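model the structure of this input:
(2 chains)
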Protein chains: 2
Amino acid sequence: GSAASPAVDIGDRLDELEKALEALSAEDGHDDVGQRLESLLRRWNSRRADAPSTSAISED
Amino acid sequence: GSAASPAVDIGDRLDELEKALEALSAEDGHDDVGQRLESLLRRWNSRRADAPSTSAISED
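Numbers count the residues shown, from 1 in each chain, chains lettered A, B, ... in the order given. Take a look:
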């Protein structure tokens, strides 16, 4: 019943994360949010690259 | 009563984001995720830089 489960459109979390930083926008050296935001993306992109060659068609 | 409010420890958003992503791990060219992921930071890191010189002491 309780709201949860990942893959929540993926954009939902991203949007909420942004709205949060909007308020936490370097309010007091929030570099921590940067390392997190960055680490997520580094791992995110890294996984993207990890894939056997076949076509790699550009997203429409 | 309903759970909300930003800056929820911030990494709380992020954490869930990665977990989400872990699901969307290049599941179907979720390049949109990284676009958001990046946008977040480029907006995040940028604001960080936006600050008058005074000391800029490195985080412990």
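
how close does the residue lying farthest from the centre of chain A get to residue B:58?
Among residues of chain A, the one most distant from the C-alpha centroid is residue A:54; the distance is 26.1 Å, by C-alpha atoms, centre = their mean. Note on residue A:54: its distance to residue B:58, by C-beta to C-beta, to the nearest Å, is 45 Å. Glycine gets a C-beta too; all of them are placed from N, C-alpha and C.

what does residue A:50 give?
The value you get for residue A:50 to residue B:58, if C-beta to C-beta is used, is 33 Å.

again with residue A:26
Taking C-beta to C-beta, one finds residue A:26 at 15 Å from residue B:58.

between these two, who's got more neighbours?
It is residue A:26, of residue A:26 and residue B:58, that has more neighbours when counted by other C-beta atoms under 10 Å in any protein chain shown, with 18 against 7.

quick one: contacts for the more buried one?
B:47-48, B:50-51 (C-beta atoms under 8 Å, 6 or more residues apart in numbering or on different chains).
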